[PDB]
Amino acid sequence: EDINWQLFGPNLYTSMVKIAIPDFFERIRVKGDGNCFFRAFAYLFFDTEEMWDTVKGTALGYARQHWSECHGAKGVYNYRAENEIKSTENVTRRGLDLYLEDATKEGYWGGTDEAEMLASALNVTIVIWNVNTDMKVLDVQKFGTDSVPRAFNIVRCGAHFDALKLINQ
């Protein structure tokens, strides 16, 4: 059960451990729309999918205030912000604006960039297990330093996220 985690970015770890999810977790399906990541985390953290919007507001509020710590989102949007200016205080400002313009839309697909913001915003550990259709682990990453049993575990299959709860606990 002891898993070796290697450092992969700020507050971010990966592992090579390969398991079948169903032998340790119960999977809880959430609604298949563009908010599934927010619903899955809201289900584990607040015990209901219906708080996805609070989860989403928490993530975006954290970005507004700690943009320099959203390495996933800023990696994409700060790069793209430099390439509108020629068309370092003020690029990263514009990158945050571009991110917020996308993320505030109703159609936005939450995912791994927002998992990083929630883990820091709430001081929790979020594990994202990427699986195939047979629920076999293709890879796993983890924002935060807690162990898998002390963490909120999410499963990704292609574009869709669901929640996982550990069986024995």
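Numbers follow the displayed sequence, beginning with 1.
Unmodelled residues of the deposited sequence between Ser87 and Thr88: 10 or more. The PDB entry reports B-factors from which the mean C-alpha value can be compared for 39 to 47 and 112 to 120; the larger average falls on 112 to 120. Higher average CA B factor: 7 to 15, of the stretches 154 to 162 and 7 to 15. Placement of the Cα temperature factor of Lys105 within the chain: highest third of the modelled residues, per the deposited record.
Placement of the Cα temperature factor of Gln141 within the chain: lowest third of the modelled residues, per the deposited record. The PDB entry assigns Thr133 a C-alpha temperature factor belonging to the middle third of its chain's modelled residues. For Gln65, the recorded CA B-factor ranks within the middle third of the chain. Only modelled residues enter the ranking.
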